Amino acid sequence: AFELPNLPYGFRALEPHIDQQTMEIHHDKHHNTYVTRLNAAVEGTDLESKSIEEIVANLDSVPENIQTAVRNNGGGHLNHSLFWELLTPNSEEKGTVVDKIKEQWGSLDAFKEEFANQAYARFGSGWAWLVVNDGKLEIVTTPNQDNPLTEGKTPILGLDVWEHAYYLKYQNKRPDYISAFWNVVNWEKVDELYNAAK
């Protein structure tokens, strides 16, 4: 069965960029619900032994009757699992991917502009991603809990732009949330995900 991973920090560790009420409800309620419904679908099937990454990457090996449950709750589990590890109270804009971003976009600032534009433009619920696409850094967004793995793209940074991720602190103000996010990005985790793509 899949396990709800602990946050790597206390609920208050990302203040004042993300509020502790959100960190608690987002993790203990929203992510936990994805794990409940994912397990209800996959527990007792030949998918149960597989990594969530293998499953989400290969949704056409999911039998038709649970395909939607797995895509949505499997996606929910993978996306939130990545997100918690991609946040930190000790953010430093350094390392492999930051250097590659400066190289490709000319500056980290230009990168943040495009990331924020794409994240802002995602209509309804979804995610903004920095992915590796056959060696190439690319910014994409996905609806709901869809994940670039399914399209053969390796996610190395993700921002949750479902309203549950920002409404308590920021309400309608998604751009302020996106701006706040830069303060808590775990670039060490980004580097790890990038290195494993290779």
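Position 1 is the first residue in the sequence shown; the rest follow in order.
- Here the stretch with the larger average CA B-factor, out of 126-134 and 29-37, is 126-134.
- Here the stretch with the larger average CA B-factor, out of 95-103 and 71-79, is 95-103.
- The entry assigns its greatest Cα B factor, within the set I52, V161, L168, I66, to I66.
- Per-chain ranking of the deposited C-alpha B factor places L193 in the middle third.
- Placement of the Cα temperature factor of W84 within the chain: lowest third of the modelled residues, per the deposited record.
- The PDB entry assigns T142 a C-alpha temperature factor belonging to the middle third of its chain's modelled residues.
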